[PDB]
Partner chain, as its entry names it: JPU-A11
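Presented below, as structure tokens, is a lone chain in the form solved without the partner chain.
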């Protein structure tokens, strides 16, 4: 299994994989109980009021001032039972993802995608960037800095605004300069979205009530894909967007969708990014990888005593798949760069995960959500690592009956309809 221990939220802290921690949010916070489910990966069963100090209020604004398509519940994830269920739900989704070859490949890439040690001002020394670490309270009550790649945390005020969040650098654009940074994914396994089986209905903002439910494993995978891009520092700048001209409803409102999202979804959506802008990005990131190889060559010493310079230089040789000549000098091989870049951007896509999970899912990112449902994937009678909602040897096994909220109604509680509110 990807997660070797089946944590219970109330398990006693041990200061190693169950501990109270603080994150580098450049602010003050009380320690929060966290769980290390795998090397470099932690889960914090708390609403995210930490990564962004300006988003510490879970209470919903006045009804007359609510972004109409959203969902608020200040009480969600406030009790121990909820946190226990959250932990078990997130763990289950990681196992479901890991159980597929594609998911195993993606998670392996994520674990190997250690944020680059580029926090040194002296080019002759290699140093870690503190914001790519968390402070773990040890048994003696002292704090120790631990590097990590990924954190899964609960959503902020708007429960359904799932997204990758990461700490920036004063000058370096870590998610776009090849360096990478620790990714905090706001996510919840306790809710999902309804979509429509007919394309003309799903992509219309006035039709459909959300007959089918999105498998949360796909939703998490989508975020993990963004995380992969960001950990390897190849995310596409959000200012690079597609001025949608294939959907009258999007078009009539001049709506734009980032290339990063289209790339992440994959399939036909990825084609909205023309060959010219794509060759542009590829060259840009190729050069960023070149700079990393260069920085490694100039490194003559390392800061800290946790690992050796040789060990860390090798860690990044593996991450970026660099080549080492006779002088021990690192260089970026075009074939290897293209292969890795393509893996992270074209192989790891939402559309491909749908193929591996064998689930029904939106056919394009350019659609309109229909509703949000409350769910509970923890009980095996409701959802499994192997079949999600479409349980084998039951009436829910075929035709995505498990995702059919009308047939499998006992597994979904519609909390809000979005149709007609865009």
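Residue numbers count along the first chain shown, from 1. So that the term is clear: the rigid core is the largest set of C-alpha atoms that superpose within 1.5 Å between two forms.
Not pictured, yet referred to below: the form deposited with the partner chain bound.
**Q** Among 138, 323, 297, 78, which has any heavy atom within 4.5 Å of the partner chain in the deposited complex?
**A** Of the candidates 138, 323, 297, 78, 138 is the one lying within 4.5 Å of the partner chain in the deposited complex.
**Q** Between 74, 287, 331, 314, only one gets a heavy atom within 4.5 angstroms of the partner chain in the deposited complex; which residue is that?
**A** After the contact test, the surviving option is 314.
**Q** If we define contact as a non-hydrogen atom of the residue within 4.5 angstroms of the partner, is residue 157 a contact of the partner chain in the deposited complex?
**A** Heavy-atom contact with the partner chain at 4.5 Å: absent for residue 157.
**Q** Within 4.5 Å, heavy atoms only: does residue 292 come near the partner chain in the deposited complex?
**A** Heavy-atom contact with the partner chain at 4.5 Å: absent for residue 292.
**Q** Even though the partner chain is not shown here, does residue 124 get within 4.5 Å of it in the deposited complex, heavy atoms only?
**A** No.
**Q** Is residue 98 part of the interface with the partner chain in the deposited complex - any heavy atom within 4.5 Å?
**A** Yes - in the deposited complex, heavy atoms of residue 98 and the partner chain come within 4.5 Å of each other.
**Q** Which is the one residue in 301, 121, 81, 327 whose C-alpha moves 2 Å or more between this form and the one not shown, relative to the superposed rigid core?
**A** The residue that shifts is 327.
**Q** Superposing on the rigid core, is the CA of residue 62 displaced by 2 Å or more between this form and the one not shown?
**A** Comparing the forms between this form and the one not shown, which are aligned on their rigid core, residue 62 does shift its C-alpha by 2 Å or more.
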